[PDB]
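Below: one structure, written as structure tokens.
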Ligand SMILES: [Zn+2]
Ligand SMILES: [Zn+2]
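Residue numbers (this note's numbering), protein chains in the order written: chain B, 103 to 171; chain U, 3 to 46; chain Y, -8 to 48.
Right under this line is the structure:
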């Protein structure tokens, strides 16, 4: 749903890396493997976490029962 | 203000034998609001 | 008190059925046309297929 905090296998913090990773692909126009490297994700353990994350939460958030649409 | 309208989202409260409906919309479906209360969890 | 649309989410939350009014135009013909009466009849709430030409989505 939202970025996981740690990499499942490494233990390495990964949750501070989602918003930046998107900005790398978007703004700096890098490919995925270059951007992952720039964020320090070396082990394929860790590259997998950010490479394949689906920010499904951003869908959930569009249904907010506490505001007049 | 215990309840919330499911359609217009107006926060509102009820009483003893009161119109089970939004006082703005007239929609007859109301969500019970989460109010300040202690629930305890273990971070595991 | 004039009609308002019902969307399927409401049906899901109320745990009832998502239905539209089924109307029949009844022809009541006396003596082979000599005198025929018409009346449109409310034949109940007919469950409607979601995302079809009778659904509001
Ligand atoms: Zn990893
Ligand atoms: Zn309302």
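From the three backbone atoms N, C-alpha and C, an ideal C-beta is built for every residue, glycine too.
Residue 151 of chain B is positioned such that its CB atom lies closer than 7 Å to that of residue 116 of chain B. The bridge partners DSSP lists for residue 30 of chain Y are Y:17.
Under the Cβ distance rule, residue 27 of chain U does not count among the residues neighbouring chain B, no pair being separated by less than 7 Å. As the crow flies, the alpha-carbon of residue 139 of chain B is around 30 Å from that of residue 162 of chain B. In the pairwise beta carbon analysis, the segment 20 to 28 of chain U is classified as not touching the segment 2 to 16 of chain Y: fewer than three pairs are separated by under 8 Å.
DSSP, reduced to helix, strand and coil, places residue 38 of chain Y within a strand of the structure shown.
Counting only heavy atoms of ligand 2, the residues whose C-beta sits closer than 6 Å to one of them are, along the chain, U:7, U:9, U:10, U:12, U:24, U:26, U:27 and U:29. In the assembly as shown, residue 171 of chain B is an exposed residue. Its beta-carbon has fewer than 16 other beta-carbons within 10 Å. The continuous stretches of beta strand (DSSP E) do not include residue 161 of chain B, which lies in the alpha helix (DSSP H) extending over residues 159 to 162.
The C-alpha of residue 131 of chain B lies about 22 Å from the C-alpha of residue 146 of chain B. Under the three-state reduction of DSSP output, residue 141 of chain B falls in the coil class, being neither helix nor strand.
Interface criterion met: the Cβ of residue 10 of chain U is under 7 Å from a Cβ in chain B. Residue 144 of chain B and residue 118 of chain B have their C-alpha atoms spaced approximately 16 Å apart. If the five residues before and after residue 38 of chain Y are omitted, its C-beta is found closer than 8 Å to the C-beta atoms of 8, 9 and 10, all from its own chain and listed in chain order.
For chain B, the residues of the segment 28 to 44 of chain U that bring a beta carbon within less than 8 Å of one of its beta carbons are 33, in chain order. Contact note: residue 168 of chain B reaches chain U through 6 and 11, using a C-beta cutoff of 8 Å and chain order. Within the segment 2 to 28 of chain Y, the residues whose Cβ lies closer than 7 Å to any Cβ of chain U are, in chain order, 4 and 5.
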